[PDB]
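*Asks:* Residue numbers (the numbering used here): 2 to 97. Idealized CB from N, CA, C, for every residue including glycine. My questions will all concern the structure given below.
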């Protein structure tokens, strides 16, 4: 055995790069928000089940004090992306 969390590590290596998109928020600090005692494998679809507002409030716990949280309102958009599995940029700025 080995307890495989995902089929590809790239799905892994990326979920931890996001941690950077955040000031002092750790990797396992923005994911744990999903709660759910049981662990289970964190697939690409699993992550796509929450909203941005859930992330920032997940660290502080309440959207009431998040204001004091070093985490801004643009870091989530940054991170929430990397785990979404769309980390890659879309089309070009201007409309093609």
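Helix, strand or coil: which one does DSSP assign to residue 53?
*Replies:* Position 52 of the chain shown holds residue 53. It is helical.
*Asks:* If we ignore side chains and look at the alpha-carbon of each, how far apart do residue 67 and residue 82 end up?
*Replies:* To locate residue 67, count along the chain shown from 1; it is residue 66. To locate residue 82, count along the chain shown from 1; it is residue 81. Whole-angstrom Cα-Cα distance: 20 Å.
*Asks:* According to the neighbour-count rule (16 or more other Cβ atoms, all chains shown, within 10 Å of its Cβ), is residue 59 buried or exposed?
*Replies:* Residue 59 sits at position 58 when you count from the first residue of the chain shown. Answer is buried; the Cβ neighbour count reaches 16.
*Asks:* Give me the residue from 93, 27, 48 with the minimum Cα distance to residue 71.
*Replies:* Residue 71 sits at position 70 when you count from the first residue of the chain shown. Cα-wise, what sits closest to residue 71 is 27.
*Asks:* Tell me where the alpha helix (DSSP H) around residue 91 begins and ends.
*Replies:* Translated into positions along the chain shown, residue 91 becomes position 90. No alpha helix (DSSP H) holds residue 91; DSSP gives it neither H nor E.
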